[PDB]
Amino acid sequence: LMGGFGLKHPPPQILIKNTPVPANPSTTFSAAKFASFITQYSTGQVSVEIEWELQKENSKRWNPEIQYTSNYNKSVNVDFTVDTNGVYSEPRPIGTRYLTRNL
Amino acid sequence: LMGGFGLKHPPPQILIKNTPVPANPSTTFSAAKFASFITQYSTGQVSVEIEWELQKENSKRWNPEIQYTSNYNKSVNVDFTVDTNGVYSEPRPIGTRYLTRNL
Amino acid sequence: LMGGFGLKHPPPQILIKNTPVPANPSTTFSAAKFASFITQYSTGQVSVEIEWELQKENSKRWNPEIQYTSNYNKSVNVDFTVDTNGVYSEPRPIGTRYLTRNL
């Protein structure tokens with residue numbers, strides 16, 4: 001109901017966790033679990049590559065169609081572009097329904 | 001200079017003419033040429049089939065581009081469409097330069 | 001117009017960038033982008049190997065030609081050489097037009 005593709009078997013959850021590296025244990029045995037760990041974080045790169053099937057249009061429509069366009073009118077910032085502080089912003093929600101089809 | 005394709009050998013001229021069908025000549029010989037012809041015209045259909053080579057675009061441009069679109073704002077007549085009298089009209093000249101390319 | 005070789009397809013741009021390595025994120029989730037990165041730079045070596053085609057001269061000229069030469073007159077510094085501070089300098093612009101050819 002939020003829009004999208006209903007999948008009985010969706011793309012699976014990809015779960016990630018730093019392995020606990022303990023600090024130095026006591027030189028005598030303690031049966032209690034470790035509460036002291038070396039503080040650490042991880043970083044790295046992640047790649048997703050999705051292949052999408054397209055459905056081309058076969059309209060015999062004469063007049064031109066509504067399409068998503070940028071405006072040529074000047075502005076302080078180009079849409080879908082970083083500003084002078086390096087902050088990327090998206091100005092408006094772009095839906096996907098621009099071409100037409102007869103019922 | 002009016003725009004278009006300069007061709008040393010352009011598509012050739014296709015010339016068409018009704019053959020003169022004379023009216024009844026005099027029953028005696030006259031060496032003068034015929035000035036009296038049966039009034040007639042011709043009609044028919046004409047087909048031109050041109051194949052055009054395209055040049056697809058390879059821009060790595062991030063932001064959206066200016067494109068030719070119809071406006072969705074309502075009007076008494078749809079653009080590039082006959083009116084109530086059956087008269088087809090073209091409202092504006094459409095040029096061909098809408099995509100961009102770097103120098 | 002600044003001189004040189006006009007190329008429709010020139011040698012391509014070679015673009016280089018340090019990958020951002022973040023500092024430690026907050027232990028709670030924040031949907032804001034990272035503004036804190038580990039300060040780092042890179043260094044290394046770069047090699048360019050260009051092959052040049054030459055065009056040898058076939059003059060039947062009798063007298064000797066103007067050529068680019070160094071002067072033998074003594075000076076505090078040799079031309080196109082570091083000074084006592086290790087600073088390399090080029091004393092004059094050397095053009096390439098020294099041999100002659102008839103029109």
Side-chain angles (χ1 to χ4, degrees), chain A residues 41-47 70 72 74-89, chain B residues 55-66 97 99-103, chain C residues 1-25 32-103:
Chain A
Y41 68 98
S42 66
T43 185
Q45 278 75 241
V46 55
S47 289
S70 178
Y72 187 71
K74 63 183 178 182
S75 179
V76 61
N77 291 315
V78 180
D79 290 332
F80 297 95
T81 299
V82 301
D83 288 345
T84 59
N85 296 114
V87 177
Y88 179 77
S89 69
Chain B
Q55 184 182 2
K56 299 294 181 182
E57 59 93 19
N58 292 115
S59 67
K60 299 300 291 293
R61 193 181 193 272
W62 187 259
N63 52 355
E65 285 181 349
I66 297 170
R97 298 181 189 268
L99 307 185
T100 57
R101 185 188 285 177
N102 290 314
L103 278 171
Chain C
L1 294 178
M2 291 188 284
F5 294 98
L7 298 176
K8 289 182 181 179
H9 301 288
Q13 283 172 340
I14 309 156
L15 290 158
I16 192 169
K17 178 246 183 64
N18 288 117
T19 301
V21 177
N24 289 337
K33 71 176 183 180
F34 282 160
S36 180
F37 298 99
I38 291 171
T39 305
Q40 67 185 2
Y41 68 98
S42 66
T43 185
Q45 278 75 241
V46 55
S47 289
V48 181
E49 181 182 3
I50 302 176
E51 181 179 1
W52 299 89
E53 184 177 1
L54 298 174
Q55 184 182 2
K56 299 294 181 182
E57 59 93 19
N58 292 115
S59 67
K60 299 300 291 293
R61 193 181 193 272
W62 187 259
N63 52 355
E65 285 181 349
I66 297 170
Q67 285 186 353
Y68 178 72
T69 184
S70 178
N71 51 359
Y72 187 71
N73 298 115
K74 63 183 178 182
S75 179
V76 61
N77 291 315
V78 180
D79 290 332
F80 297 95
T81 298
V82 301
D83 288 345
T84 59
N85 296 114
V87 177
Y88 179 77
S89 69
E90 291 171 345
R92 65 185 63 87
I94 308 172
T96 194
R97 298 181 189 268
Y98 285 91
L99 307 185
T100 57
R101 185 188 285 177
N102 290 314
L103 278 171

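In what follows, chains are A, B, ... by sequence order, proteins preceding strands, each numbered from 1.
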Asker: Could you pull out the closest heavy-atom pair between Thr81(C) and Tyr88(C), with the gap in Å?
Answerer: N-CE1, 3.8 Å

Asker: Check the orientation of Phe80(C) and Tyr68(C). Use parallel for under 30°, tilted for 30 to 60°, and perpendicular for over 60°.
Answerer: perpendicular

Asker: If you look at every heavy atom in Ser70(A) and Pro64(B), which pair is closest and at what distance?
Answerer: CB-O, 3.5 Å

Asker: Should the heavy atoms of other residues, nucleotides or ligands under 6.0 Å from CD1 of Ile14(C) be counted, would the total exceed 12?
Answerer: no

Asker: Under the 3.5 angstrom rule, does the side chain of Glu57(C) hit a backbone N or O of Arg101(C) as a donor-acceptor pair?
Answerer: no

Asker: I'd like to know whether CG of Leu7(C) has more than 12 heavy-atom contacts from other residues, nucleotides or ligands below 6.0 angstrom.
Answerer: yes

Asker: Are the side chains of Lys33(C) and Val87(A) in touch, meaning some heavy atoms are under 4.5 Å apart?
Answerer: yes

Asker: On a heavy-atom basis, which atom in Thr19(C) and which in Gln40(C) lie closest, and how many Å separate them?
Answerer: O-NE2, 3.1 Å

Asker: If you round to the nearest 0.5 Å, how far is CD of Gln67(C) from CD of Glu65(C)?
Answerer: 7.0 Å

Asker: With rounding to the nearest 0.5 angstrom, report the NZ to CG distance, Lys60(B) to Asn102(B).
Answerer: 12.0 Å

Asker: Is the CG atom of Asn58(C) crowded by more than 12 outside heavy atoms at less than 6.0 Å?
Answerer: no

Asker: To check you understand the geometry: which heavy-atom pair defines the closest contact between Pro22(C) and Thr43(A), and what is its length?
Answerer: CD-OG1, 3.6 Å

Asker: Quick one: pull up CD1 in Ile66(B) and OG1 in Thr100(B) and give me the separation to the nearest 0.5 Å.
Answerer: 8.0 Å

Asker: Residues in salt bridge (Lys or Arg N to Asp or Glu O under 4.0 Å) with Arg92(C), at least two apart?
Answerer: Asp79(C)

Asker: Might you confirm whether atom CZ of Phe34(C) has over 12 heavy atoms from other residues, nucleotides or ligands at distances under 6.0 Å?
Answerer: no

